[PDB]
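Descriptive structure summary
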Amino acid sequence: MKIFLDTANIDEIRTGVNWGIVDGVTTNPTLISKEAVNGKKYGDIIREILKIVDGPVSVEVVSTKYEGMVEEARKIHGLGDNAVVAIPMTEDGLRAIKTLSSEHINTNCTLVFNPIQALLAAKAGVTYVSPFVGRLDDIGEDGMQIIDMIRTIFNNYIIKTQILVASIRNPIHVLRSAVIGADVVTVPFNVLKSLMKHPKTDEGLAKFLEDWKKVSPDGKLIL
Amino acid sequence: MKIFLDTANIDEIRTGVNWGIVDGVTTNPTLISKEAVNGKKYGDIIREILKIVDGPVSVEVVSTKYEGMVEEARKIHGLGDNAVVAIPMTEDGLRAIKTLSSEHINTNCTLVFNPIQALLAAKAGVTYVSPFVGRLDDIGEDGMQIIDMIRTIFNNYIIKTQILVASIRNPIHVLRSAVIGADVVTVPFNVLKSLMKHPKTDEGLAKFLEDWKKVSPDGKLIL
Amino acid sequence: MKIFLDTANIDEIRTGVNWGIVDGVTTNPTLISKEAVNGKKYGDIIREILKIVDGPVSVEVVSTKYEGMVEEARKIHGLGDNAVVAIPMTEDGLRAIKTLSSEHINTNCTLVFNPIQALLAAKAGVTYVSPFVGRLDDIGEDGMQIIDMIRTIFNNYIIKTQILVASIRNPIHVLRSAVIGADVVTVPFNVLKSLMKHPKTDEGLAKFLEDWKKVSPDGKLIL
Amino acid sequence: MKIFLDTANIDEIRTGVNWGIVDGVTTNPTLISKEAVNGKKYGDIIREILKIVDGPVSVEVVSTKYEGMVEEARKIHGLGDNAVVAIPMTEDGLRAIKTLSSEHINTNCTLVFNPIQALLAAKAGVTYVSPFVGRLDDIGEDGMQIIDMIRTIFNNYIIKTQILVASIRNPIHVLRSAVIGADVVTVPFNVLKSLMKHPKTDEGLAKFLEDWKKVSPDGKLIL
Amino acid sequence: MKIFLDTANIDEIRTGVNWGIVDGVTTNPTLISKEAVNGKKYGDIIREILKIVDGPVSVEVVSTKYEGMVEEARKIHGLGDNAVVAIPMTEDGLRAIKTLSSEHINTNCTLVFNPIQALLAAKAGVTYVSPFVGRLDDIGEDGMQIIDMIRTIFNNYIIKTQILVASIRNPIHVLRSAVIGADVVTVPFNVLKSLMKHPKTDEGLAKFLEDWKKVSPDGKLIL
Amino acid sequence: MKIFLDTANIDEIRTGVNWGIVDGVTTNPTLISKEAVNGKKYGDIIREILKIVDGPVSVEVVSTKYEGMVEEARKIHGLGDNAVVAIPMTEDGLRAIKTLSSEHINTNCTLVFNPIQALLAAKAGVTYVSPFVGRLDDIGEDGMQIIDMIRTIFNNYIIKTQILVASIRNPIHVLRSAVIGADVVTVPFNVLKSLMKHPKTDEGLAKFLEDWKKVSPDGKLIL
Amino acid sequence: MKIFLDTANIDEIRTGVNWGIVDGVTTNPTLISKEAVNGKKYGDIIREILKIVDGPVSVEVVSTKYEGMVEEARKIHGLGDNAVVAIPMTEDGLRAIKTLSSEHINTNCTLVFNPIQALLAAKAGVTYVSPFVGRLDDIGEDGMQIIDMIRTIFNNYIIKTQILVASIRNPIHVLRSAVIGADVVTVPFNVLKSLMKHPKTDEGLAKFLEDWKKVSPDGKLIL
Amino acid sequence: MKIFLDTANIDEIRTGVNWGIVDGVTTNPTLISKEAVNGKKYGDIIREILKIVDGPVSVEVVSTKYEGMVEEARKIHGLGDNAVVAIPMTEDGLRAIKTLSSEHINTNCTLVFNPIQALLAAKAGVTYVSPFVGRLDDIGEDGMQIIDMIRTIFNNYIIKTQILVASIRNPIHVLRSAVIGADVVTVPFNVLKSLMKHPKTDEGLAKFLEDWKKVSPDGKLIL
Amino acid sequence: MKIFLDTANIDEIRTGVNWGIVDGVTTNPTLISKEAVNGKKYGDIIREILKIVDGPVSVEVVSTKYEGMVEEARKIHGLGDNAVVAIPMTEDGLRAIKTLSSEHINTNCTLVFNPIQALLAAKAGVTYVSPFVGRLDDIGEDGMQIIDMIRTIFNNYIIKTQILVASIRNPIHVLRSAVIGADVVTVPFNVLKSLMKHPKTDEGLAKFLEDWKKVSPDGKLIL
């Protein structure tokens, strides 16, 4: 499972990228809008992310119309080989995805909320489909179930579209995604850092440190 | 499923290896601290285990910082081709693992307590991930469930990182590990011994031997 | 699933073999003791079974010590290519199996009562492992569960050791072994006989014969 | 799944075969004896069926002894390439099947009532095994469960013997057989007749016809 | 679970009732038509069954119109307190059932083929609902599933309408009905007889009787 | 399970009410708006339905504000004892429901789309909660699952609020509701009439009719 | 769960009763024939068992005809209040049970091999029904499944007939009966003995005694 | 299931209470510290909450020592009858709870992270136990599983301690709590507000409004 | 579920009892023998425990014979009302329990290793039955499964004997016991100590304290 950062915050991304545990980044108009304030240009935001992120960087078109989506997609594409064009799950989006796929421009179909939408996006030739599990959670349905079904459907049809779990709110979304076998999760920074942590890890380390001192007071390992 | 001995006790290791049932050893700073007494130096203990054990011998770094970890890892690695560098599940540890994995130094990510930690370790290129099941048990969480999920996650993504079940407390951790399909269990000596024993084996053998004496007074099998 | 006869009774063996439904034989010191009475020598009994039987014939060592097991194993092995050396699940047994396996001597680890013992035997390189299901039944534990677990464990690690279900008491052990997918069942002769039988088979055959008499008074099929 | 007709009634066979949904025929002494009346000879009935039916035609020996079974089997075999010799599940039958199998004579082990009998028949090399589900139903045991277990057993050991579900009484035996994955069902003609039928098919067809008349009073499709 | 005989055949009814295993009878226009031959009047047949059978005797109205149904139902009801008026699952039938239920005339809603039909019948106040399982089987639908769902639905709402499984074709319909907890099964005579039989009962009794003769030559039990 | 008609069409309601199978009616602004065209006043629509429907008639307030809801609810209430006030699942709705409940005015909380909303409505003291399963189906989630969960939640807390399955589109919604144990379903007229129908009922009746004629050519039942 | 001894061996019975773990005895004509040898009369054996045993003692009629069964039943009944009349599952047996039940004579319907037979026996008013699980095992059918089904059926209809599991061959029949919730198991003496035993019980007791000797050299507990 | 607000924010509480969907409030030292700023005193915040909330209001002791806990507990208790004393899951806490329970002071054992802790709190007589599900989620374990286990455990032992699911992060914690049957959830305000919301509710409401406009231009309901 | 301390260590018992989480104590000859050293007498240890512990205190007889067991049991009983006599699962033990039970002496059947032994003990009237789960774990069998089955068996027959899970090795035995619904667990002190603890409790408490200091530097709660 690939792990992306779901943010437009350059500091978070750079931190996560430095940790070596971020395989890519997904942004979205809202996320970018958070960072493009007080002088910051979304243009520079996107470019910087493209630059410092080795892996796929998803940037969403803003046009709701086919032609505008495809044009914006091409612009996004031209920004860097790692750019992935996020296209919303709409009639025009599916058209755009099919066209972009034919142009070998990587696509991420976003705002997916059920498995059939996911299937449609896959059938359009989308590289990634991004179901928003947290937003399903928000409305009283367990979002992860949609990921499970999409996984099954995609397995059924040997679909190559990657399932990119988005709207991840907590590490259990992440755990469940992994157990289900989703291809990618994209996670907010606060979730990302929580992923490495466990109080028994901290406790274990402290005890290891403590006992090592009995062997070597300076706490070094000389071999 | 491979079976390692989780000890720094040379006699236990020597005994288990002489049984031919020990596929490797895992040490940790605490286990080493138990043996590094009465003048025994940890450097000798480690080198001696490395000598006795054909298979992987996991030796944990003591540094908590990336640079110290890779420096220690390289020194550990220099002790013998069978050395595996145990690195804790920490941000620095993941960075160290990634670095070491590229240097083709075998690693074992230790102090793993949930499946996502294990996944992150695997994604850093770790050779083994060591979830500490007994320590989860200690806190009222069935540790084996984490192994099951890791197995599933690792199977989902054809992850080649080996699941090395650690903090093994009893033969059912071992049984469950095997049924789950964990790659390795590492077990304290008291556990290792227990694994081959069963009262019905003892009873059965005694009966066989008694019955044999009815047909061969000396208890011999002449063929 | 192979069906062995678990007996040293030559008549049973010759009969079973002649029925064509017996793929091998397991003996053990008790079974042999039953036959080696009134002047009958165990050595002749063993040799005769090796003769009558084309399939594997398991003969158990009696030594409890590694050196004696291996010496007796080689003598057993030397009696015929179909000889399989049964080695009890003990520390020395595992060592013996490892050695014998390296000498390409087929082995059968017997007196196995749980799946981890079976795993240890497989790990030592044993050709067959023989869990004793009836004896578990005897102590209020459903022995077949252990076969199920061993099957799973073996499947998990692509273990080629054959599961040879022993201490078979009834046709349901056999049925369940088959459904589980045990490699072999070794059954006493009375169980073997019962396997072919069913009241509806008898009834149906009688009815067929009766109906046929309406069309062929002398009960022949002339074509 | 193949569908055989379980009858010796020539008219039923001709009818079934003309429908094109009959893949073969199974007879048995009772079925044949029912047709071989008022002068009609069983030799003629058998030959006629073999002539009519392109696919396998199962004809059961009547001898209960190995020699007679094998002799009759060879006569049956010589009647046509599609003749399959039905042999009852008995000790002699298993012997006969083993011999016939080595002679590349297709066999069908009949009067099988549990999965272990089926396994024995497979082990004898039988081409088909015929568990009688309706006769189990008759005695208050869900006959199809036996098919399920046989399928599982056969799957376990990659057994090539075809499961030929016999004593089929109703289309649910047929449905369940298909869902289980039995290789063949053999069905009485009245069951065969029902399999193509469904009231909603009838209703849908009539509706289609009625609606079509709105655009083509003469009910034709001119293209 | 009650057991009714599903026949208009006085001899079968007389025989079953003499066995003391028949708790009632269901007739239907067809079953009655089978018996209303050679001058036998349906009125006699019905009255005779009513006379022989202590328990409920279900007699179906022939009218398809509400008024005719209630008129016939009242006449049926007048034939004896044990008469149950069978009314088909139709709009008029439901109206008739509701009316009759208020007049405290027992009713049996027949030709029920799905659980919602059964529910509607129950809601009309019907005493029994008779799903025709064999007729579902006939069309490639496991009829017993409908019984299971009706049982569940009826349990959900504490419905006192009795589930009367009809179109019973075999002893497994009966077995499954009992396991599901259907209130009543109505069975053709051939089925009723079969229900008490089992080859192991026959075999067991024969053996008992043979063994008894060893201790009591005359086969008597003198106490 | 109660069955309501989900319509404002007086003809449908009168037809269903005449069938005797309609326990109540739910209307909604849309449904009423369909009928209140070409002169028809919604006022008369509602009154007529109240009049001809013996059971609960749900009429939805139109105000989105608490006070208006409560006022409209009281008006609706005053229209007849069988009037039930439908209140949408909103903040004001819950307030209105709690107030109306305190006033012993029956309430139906509508536009419920998950189980927690249902729980909230129940906690407000609502008489019925109406999850709209078809509308969930419309958006690619199986609406019946929400009914299942609500049933479980309500069972958990011995909640007396009736689950009123609405947005019913087909008889399987109805079947599943019944199997789940929903208290009520409200169904469109086309669904309602389909509930009584089954082709095997029609076929069975025709056959019964046909065979009865063999007993009585005039097709009468004279008793 | 009651535990009966399935034997006519007085010594076994007296021993079992003295252990206090035997709640009754079932005999059958075979078991009695085993004891009624060398001058021992069945009548004395039966009377003696009735004496030794406080619980129910089942004695089987030998007549196969209703009148003889009932006559023998009354004689059996007349021997003591704890006498239970075993009646085979046959047509005449059911009639006999019905009659005897009406005469408040406790009955045990034996030679039951499927759940519908058991149901029929219960319906006739039988006190116990005795399904023979080992004999089903004998014919390749898991006999315990029949007990499970009977338990369910009996539970469904609140049947008070006690399920008396007979033909018990091993402690797993007993375990499974207990887990299923059979009312009674009747077990041969050798099974009875085995039920109390477990190697870990012996081991634990030996260890306790050994440890206690450290604190009380003469192994007494003096308080 | 009761729904509490997990906050010390008076405005949120007032808002939630005004919505009439808040059954109680839980505070904790952190939540109050958030509000007790800019001159605001924790004493006033607490008192204000108690006055505004009819339901239980949980206020946590700060002492870590038994005596400090019971003294603070009694002070908290004295503040109002609806005050519930929150006591952390510690040895001192259990002691305090037992004392407080005996003094009939309602208690809420907080910082519970596994089911056995919850059981210990229940056994101390705690009124509520508060497992922190989100904080388990935070560390990669599905916190709701703990609730499920506690529910089972409490059900097993008819424990009257209410399960108060805390650390609620999303509506799915809430949904799952209700399905499990937790007695209470305490939710942050943003979760509380989300619970009533669903896009289809909004859509449906808008559509109803729109359609009602067709029949009543002014959008009124006149009756 | 009650929680007993499985020890004869007075200091552990005092400590556990002072925590208020110890409901009783189980001793056994090994445990007692461990304490009864360096002059300390077992009579004194036993008496001291009985004095210290308010709840049941289990003390095991050492006699292996009925008379000795009963004699010792009565001495144990006379030591205090809370004394429970532990009796091993043996033939004599069952006899002793039956006698002691009739004398209203509370008993604990120990060294139980399967569910049927447990059932026998219950049938003897034992107050508690103590299956030893850790010792089953020791021999590669999941000990808790025995508890699950015993619970089921006991539930089936409404058995009042308390399931006292012994040989508890870890908190998961405890957790599983609680989830299964065992009446009692008896745990070694080190397990007892762990049950109250969780790292997140510690972490949460520290955080609560830290945050509280923001509103109360002295860390007090003045109300």
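Residues numbered from 1 in each chain as written, not as in the entry; some residues may be left out. Chains lettered and ligands numbered in written order. Part of a larger assembly, values for the part shown. Heavy atoms only, no water.

- For this deposited structure, the header cites X-ray crystallography as the method used and 1.8000 Å as the resolution.

- Chain A goes by Probable transaldolase in the PDB entry, where it is assigned to Thermoplasma acidophilum.
- Recorded in UniProt under Catalytic activity, the annotation for chain A is "D-sedoheptulose 7-phosphate + D-glyceraldehyde 3-phosphate = D-erythrose 4-phosphate + beta-D-fructose 6-phosphate".
- For the record of chain A, the UniProt heading Subcellular location holds the text "Cytoplasm". (UniProt positions renumbered as here; feature names shortened; annotations may be inferred.)

Brief notes about the sheet that holds strand β2 (residues 24-26) of chain B
All names here are of chain B.
- One closed barrel holds the 8 strands; their spatial order is β1-β2-β3-β4-β5-β6-β7-β8, and the pairing between them is parallel. Direction aside, the axes of adjacent strands within the sheet are offset by 30° on average.
- Summarising the sheet, strand β4 (residues 83-88) and strand β5 (residues 107-112) pair through 4 bridges and their orientation is parallel. Opposite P88, over in β5, you have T110 as the bridge partner. (Pairing = 2+ DSSP bridges. Helix = DSSP H or I, 4+ residues; strand = E, 2+ residues; numbered from the N terminus. Axes fitted to C-alpha atoms, helices over the stretch in contact; angles between N-to-C directions.)

Concerning the side chain of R151 of chain G
All names here are of chain G.
- In this structure, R151 sits in helix α8 (residues 143-156).
- Note on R151: relative accessible area 10%, which makes it buried.
- Not counting residues up to four positions away in its chain, the partners in contact with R151 are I163, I180, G181, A182 and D183. (Buried < 20%, exposed > 50% of the residue type's maximum accessible area, 1.4 Å probe, protein only. Contact = heavy atoms within 4.5 Å.)

Regarding the relation of the copies chain I and chain H
- It takes a turn of 72° to lay chain I on chain H, together with a shift of 0.2 Å along the axis; the resulting RMSD is 0.2 Å. When the rotation and shift are considered jointly, the pair of chain copies conforms to a five-fold rotation axis. Closest approach to the rotation axis among the C-alpha atoms of chain I is made by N155 of chain I, whose C-alpha sits 12 Å away. (Least-squares fit on C-alpha atoms.)

Brief notes about the interface of chain C and chain B
- Taken residue by residue, the interface counts 43 residues in chain C and 37 residues in chain B.
- Surface buried jointly by chain C and chain B totals about 3500 Å² across both partners, of which 70% is contributed by carbon and sulfur atoms.
- Area buried by chain C at its contact with chain B is led by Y42, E91 and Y157 of chain C, which between them contribute 19% of it.
- If you look at where chain C meets chain B, you find 2 salt bridges.
- Ionic pairing is found between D23 of chain B and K123 of chain C, a salt bridge with its closest N-O pair at 2.8 Å.
- For the pair chain C and chain B, the number of links is 13 residue pairs in polar contact. (Buried area = accessible area lost by both parts, 1.4 Å probe. Salt bridge = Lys/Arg side-chain N within 4 Å of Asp/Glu carboxyl O. Polar contact = N/O pair within 3.5 Å; in protein donor to acceptor, adjacent residues only side chain to side chain.)

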